[PDB]
Every structure is written in C-alpha cells, then in structure tokens.
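Chain by chain, the residues run as shown.
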Amino acid sequence: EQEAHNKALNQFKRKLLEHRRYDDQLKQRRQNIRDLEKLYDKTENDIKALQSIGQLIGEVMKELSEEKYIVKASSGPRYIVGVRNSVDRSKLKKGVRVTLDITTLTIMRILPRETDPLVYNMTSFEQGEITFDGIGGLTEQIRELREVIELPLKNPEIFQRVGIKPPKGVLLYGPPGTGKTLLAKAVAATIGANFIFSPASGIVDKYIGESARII
Amino acid sequence: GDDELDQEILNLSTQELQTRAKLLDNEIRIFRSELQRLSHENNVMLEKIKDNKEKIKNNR
Amino acid sequence: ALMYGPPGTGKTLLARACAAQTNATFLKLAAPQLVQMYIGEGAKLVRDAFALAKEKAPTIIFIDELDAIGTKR
Ligand SMILES: Nc1ncnc2c1ncn2[C@@H]1O[C@H](COP(=O)(O)OP(=O)(O)OP(=O)(O)O)[C@@H](O)[C@H]1O
Ligand SMILES: Nc1ncnc2c1ncn2[C@@H]1O[C@H](COP(=O)(O)OP(=O)(O)OP(=O)(O)O)[C@@H](O)[C@H]1O
Ligand SMILES: [Mg+2]
C-alpha cells in the first residue's frame, strides 16, 4: 500500500459494492411483481368466464310480435323467446344467429353466422401445387378451362357485352392419371380465390339429412 | 469499486473518502428499506393467485 | 407398394417380418372392417386411420385383402 489509511478504504470499498448491489436487488423485485401480475390476470380472466354461463344459439325463424320472436334452435326444437333492450328490431333480420340464455332464454345480442367444422378442413388443403403451365400438351385444355372460370370471375363486365347467361360449371372426365385433380389444384393456386376441395365422402354422415345440410 | 481505493488517495484527500463512507450509510439505509417494501408485496400477491386458482382446480 | 401373386406365397408374413425388424410402426388393418353401415362415420374410420398415421408417422398401413376397397367397379 500507500498508507495505513488504505486499511480504512479496504472496509469502505465493501460498503460501496453493497450499495450498488442493493440497487440491483431493487430492480430484481420490480421485475418479480410484474411477472406475478400477469399470473393473477391469467386467472382473473378465468374467474370471469367461470361465473358467467354459456349461451345457446338460435336463429330468427320468424318474427311474431314486438317482444316475442320465434326461433329455430341449432339443437332443434322451436321456441318463443324474448328480447332484452340490448338488441333492436331494426338490427334483427331472419337467418341471423341470435344468442339465448340457458336460464331464461332471452336474446341479449346479435351473433355472426356459423359455418361447418367440416368445411374448414377443405380450406386447409392447398398442397399439390403446380405452375400455370403444369400439364404438358394439355395446355390447350387450360385455355378452355379459364373461359368459363377465370375470366367472368375476375370481370363479369365484359360478358354483358356478349349478352349471354352467366357461365357456370365444368366437368372433367378421362381415365385415371390425366391430372383432373392436378388441373383442379392449378386453377386454385393461379386464381388465388377461396378454395375447397371437397372429399366425396367427408360430406356424408351416418344420419341421412345431415349429409344434405353440409352442402 | 470505482471510489474509496488507492487511485483516489492520489487524486483526492483522505478525509473526503472518510466522509464518503458515512454518506453511503445514509443512502444504503434508504435502499434496504425499499427492498423490503417490494418484498412484502409479493407474498400477498401469491396468495391472491391461490384464492383464484382453487376455484379453477375444482373445475379441473 | 403393392404385393400380389397367388394365395399362399408368403406376402402377409413378409410384411410383418420387415416392419417389426426395422422398427417402422405397423398398423394392422383389415379391409372389410372399414365397410360399415354407419357410413360417414365408417368412412371416418378411413379418415382416422390416416389421422392416427400422420401423428405416428412414419408408419406402414398394411391392409390385408384389397378387393373390397380395391374393387374394379
Ligand atoms: N397430367 C399430368 N401432367 C403432369 N403431372 C401429372 C399429371 N397427372 C398427374 N401428375 C403427377 O401425378 C401426381 C398425382 O396425380 P393426381 O393425384 O393429380 O392424379 P389424378 O389421376 O388426377 O387423380 P384422380 O384419379 O383422383 O382423378 C401429381 O402431383 C403430379 O406430380
Ligand atoms: N419363402 C418362404 N419361406 C418359408 N416359408 C414360407 C415362404 N413363403 C411362404 N411361406 C409359408 O407359407 C405361409 C403362407 O403364406 P401367407 O399366408 O403368408 O401369404 P398370402 O399369400 O397373403 O396368403 P393369404 O392371403 O391366403 O393369407 C407363410 O405364412 C409361411 O408359413
Ligand atoms: Mg393375407
């Protein structure tokens, strides 16, 4: 050393480190409460759903009277049910899904439409892609195919000039292996419009009458 | 650390560093106080998650 | 891969021997059992035999006798 008063700074260096080490414990704890904060909210949201109850969906089958509506439920049997002042008469039309309670059966709100669990599986097929010329020599068949398909879809407006009925529907036929499904995938990709891709037998059900409902 | 060492005998007088340590007395008693304040709070919060989570466990 | 030839040639026995030997998952499936008169859910037996298989991939779906769902007509 330099001094025997450097024996007194040996002890004072420690105090300094302690003070710069308790500040980082003060940042530790402010990070520890905000980590527990989210865990309270993650369970607070579950409380709020839990002390609530479910809704049971209907749709407006027919208007009867001001405060009385006839619905046909998605589970089946028709009811007459009431309305809160949480919905308007000018905000209801038929085939519009409505909520009901499962403890009083009264509409509180307007509900968007429903759509099959089955048809969402078809929009998740898009693989098997190929380019716009992806069938060799059958490129002529692509031209025939788009005249019904791609051109009026994009612009109906040039077919007003022609004056004919709106083009609809095509049959592909030929022995197996000729890329009928491949041509299907190729006109799905290139147009890029919403696309399904329905299995023949994933639109059949055991019950004869649900098989009709899907399509 | 950066202060109260053999570097700062050269630069600054030695009663300066004598009095430094007694200001770090005053400053670290405040710093320890606030550390326990934010410690006591987390023990209550943990219990209020439990009170919520018990309900969730019956459903579970 | 198709196996074919007269009855008794050894086809079934191979299939078992190799799938267990290399440790590729061997699903045991018989063709008429997919034909059920619950059809739509019996057609969903077919769907689920692929559903299992895509999680249990790679996997070998050995269908014994393919003239019920391999019909000409
Ligand atoms: N006409 C074709 N030109 C080029 N490649 C083809 C053609 N047809 C089939 N392929 C190739 O064969 C693959 C599988 O054939 P795909 O499943 O399209 O058969 P398909 O005979 O059209 O079906 P289906 O028997 O159900 O009508 C394609 O992904 C593609 O690689
Ligand atoms: N190369 C071989 N070496 C030893 N044993 C054999 C051989 N080939 C066939 N076998 C014997 O003959 C038996 C009959 O063949 P297996 O039943 O396996 O096939 P298969 O043609 O699918 O008949 P099936 O459809 O009538 O059941 C085998 O189980 C085995 O005992
Ligand atoms: Mg056999």
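Residues numbered from 1 in each chain as written, not as in the entry; some residues may be left out. Chains lettered and ligands numbered in written order. Part of a larger assembly, values for the part shown. Heavy atoms only, no water.

## Regarding the overall build of chain A
Consideration 1: Scanning chain A for helices and strands turns up seven helices and six strands.
Consideration 2: In chain A, the succession of α and β elements from N to C terminus is α-β-β-β-β-β-β-α-α-α-α-α-α.
Consideration 3: Computed over C-alpha atoms, the radius of gyration of chain A comes to 33 Å, more than 25% over the 17 Å expected from 2.2 N^0.38 for 215 residues, which places it beyond the range of a compact globule.
Consideration 4: Projected onto its principal axes, the C-alpha coordinates of chain A cover approximately 110 × 65 × 45 Å.
Consideration 5: Look at the contacts in chain A between residues 6 or more apart in sequence, and 44% of them connect residues 24 or more apart.
Consideration 6: Only carbon and sulfur atoms are counted for the fraction: they give 53% of the accessible area of chain A, which is about 15,700 Å².
Consideration 7: Separation between the mean location of the 35 positive side-chain charges and that of the 28 negative ones in chain A comes to 2 Å. (Helix = DSSP H or I, 4+ residues; strand = E, 2+ residues; numbered from the N terminus. Rg over C-alpha atoms; globule rule 2.2 N^0.38 Å. Contact = heavy atoms within 4.5 Å. Areas by Shrake-Rupley, 256 points an atom, 1.4 Å probe, with all protein chains shown as cover. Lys, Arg positive; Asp, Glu negative; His and termini not counted. Charge placed at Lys NZ, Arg CZ, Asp CG, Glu CD.)

## A few points about the packing of aromatic side chains
Consideration 1: What the rule picks out here adds up to two aromatic pairs over all chains.
Consideration 2: Pairing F195 of chain A with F197 of chain A gives two aromatic rings, centres 5.2 Å apart and planes at 90 degrees, and the pair type is edge-to-face.
Consideration 3: Assessed through its relative accessible area of 22%, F197 of chain A is described here as partly exposed.
Consideration 4: Between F26 of chain C and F62 of chain C the ring centres are 5.8 Å apart and the planes differ by 15 degrees, which places this aromatic pair in the stacked class. With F26 of chain C in strand β1 (residues 25-30) and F62 of chain C in strand β2 (residues 59-64), this pair connects stretches of sequence that are 36 residues apart. (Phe/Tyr/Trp six-rings, centres within 6.5 Å; stacked < 30°, edge-to-face > 60°. Buried < 20%, exposed > 50% of the residue type's maximum accessible area, 1.4 Å probe, protein only.)

## Some remarks on the sheet that holds strand β2 (residues 69-73) of chain A
Residue and element names in this part refer to chain A.
Consideration 1: Strand order in the open sheet made by the six strands is β5-β3-β2-β1-β4-β6, with mixed pairing throughout. Both edges of this open sheet fall to β5 (106-107) and β6 (110-111), since each of them pairs with a single strand only.
Consideration 2: Examined bridge by bridge, strand β4 (residues 97-101) and β6 share two bridges and lie antiparallel to one another. Bridge pairing in β6 links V98 to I110. (Pairing = 2+ DSSP bridges.)

## Some details on the coordination of the magnesium ion (ligand 3)
Residue and element names in this part refer to chain C.
Consideration 1: The protein atoms that coordinate the magnesium ion (ligand 3) are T12 (OG1) and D64 (OD), at distances spanning 2.4 to 2.6 Å. With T12 in helix α1 (residues 11-22) and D64 in strand β2, the pair connects residues that are 52 residues apart, well separated along the chain.
Consideration 2: Residue classification places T12 among the partly exposed positions, given a relative accessible area of 31%.
Consideration 3: By relative accessible area, which is 35% here, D64 ends up partly exposed. (Donors = N, O, S within 2.8 Å, 3.2 Å for Na, K, Ca; no water.)

## Concerning the interface of chain C and chain A
Consideration 1: Contact residues are listed per partner, giving six residues for chain C and five residues for chain A.
Consideration 2: The contact between chain C and chain A buries some 450 Å² in all, and 58% of this surface belongs to carbon and sulfur atoms.
Consideration 3: It is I39, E41 and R47 of chain C that lose the most area in chain C upon contact with chain A, and together they represent 58% of the buried surface on that side.
Consideration 4: Linking chain C to chain A there are zero salt bridges.
Consideration 5: Viewed at the interface, chain A and chain C are joined by one residue pair in polar contact.
Consideration 6: Here the residues of the side of chain C that touches chain A are counted per class, giving three nonpolar, one polar and two charged. (Buried area = accessible area lost by both parts, 1.4 Å probe. Salt bridge = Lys/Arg side-chain N within 4 Å of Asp/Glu carboxyl O. Polar contact = N/O pair within 3.5 Å; in protein donor to acceptor, adjacent residues only side chain to side chain. Nonpolar A, V, L, I, M, F, W, Y, C, P; charged D, E, K, R; others polar.)

## Brief notes about the site of ligand 1
Residues and elements named next belong to chain A.
Consideration 1: Neighbouring ligand 1 are the residues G134, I135, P176, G177, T178, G179, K180, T181 and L182.
Consideration 2: Contact distances for ligand 1 include 3.3 Å between an oxygen atom and a backbone N or O atom of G179.
Consideration 3: Contacts to ligand 1 include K180, whose backbone N or O atom sits 3.1 Å from an oxygen atom.
Consideration 4: Taking 640 Å² as the accessible area of ligand 1 by itself, protein coverage stands at 49%.
Consideration 5: Grouping the constituent residues of the shell around ligand 1 by class yields three nonpolar, five polar and one charged. (Near = heavy atom within 4 Å.)

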